[PDB]
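Okay, here we've got a single chain as structure tokens, the form deposited in one PDB entry, with questions on binding and movement later.
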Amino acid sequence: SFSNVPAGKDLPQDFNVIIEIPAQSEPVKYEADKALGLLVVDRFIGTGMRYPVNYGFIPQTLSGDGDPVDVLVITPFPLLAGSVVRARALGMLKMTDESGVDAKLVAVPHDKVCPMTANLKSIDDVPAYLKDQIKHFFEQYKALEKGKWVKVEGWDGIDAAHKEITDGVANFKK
């Protein structure tokens, strides 16, 4: 299932995201297991906080933290866990956590998939309230898990996101 999904049709700008956690879903963290082909319950979020947007990853990538590149996907309705969406980048949230330096990409679907998000051209177009909610979420969601912490550094743009994707694809292939 998940192991054979291509990273993208035209990398780094046209990529695929496998959704693990739908926007506003009950506060349970799922992770795709490529060895099993199934979603695995990773943990119940200690704070009970919910992801404000859909969350997943780009298959066939390997980031600096040893996991695939993570992506937040903004949509008008939450997406199905375990589904795949063709996406494009808006920017990224830069942070550091227990696993090391971490970044989360921010994306929306391909314009033909989601005409509703077509006017979001970069992270600057995302409403301030939603960016603030995403930052707050990452700063606070691990507050009740011992030995885990998150410091948010700031936002970066589409170019930074593309570098993350290209690096991830290359790292995966050895």
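Take the two forms, superpose them, and find the largest set of C-alpha atoms that agree within 1.5 Å; that set is the rigid core. Note that residue numbering follows the sequence shown and begins at 1.
From this point on, the text means the form deposited in another entry, which you will not see here.
Enquirer: Is residue 118 among the residues whose Cα moves by 2 Å or more between the shown form and the other one after superposition of the rigid core?
Expert: No: residue 118 shifts by under 2 Å between the shown form and the other one.
Enquirer: Following rigid core alignment, is the displacement of the residue 35 C-alpha between the shown form and the other one equal to or greater than 2 angstroms?
Expert: Indeed, residue 35 is displaced by 2 Å or more.
Enquirer: Answer yes if the Cα of residue 62 shifts by 2 angstroms or more between the shown form and the other one on a rigid-core superposition, and no otherwise.
Expert: No, its C-alpha moves less than 2 Å.
Enquirer: In that other deposited form, the Cα separation between residue 46 and residue 128 changes by 3 Å or more relative to the shown form; did it shrink or grow?
Expert: It is closer: the C-alpha separation of residue 46 and residue 128 falls by at least 3 Å in that other deposited form.
Enquirer: A 3 angstroms or greater change in CA distance between residue 43 and residue 55 is reported in that other deposited form. Closer or farther than in this form?
Expert: Compared with the shown chain, residue 43-residue 55 is farther in that other deposited form.
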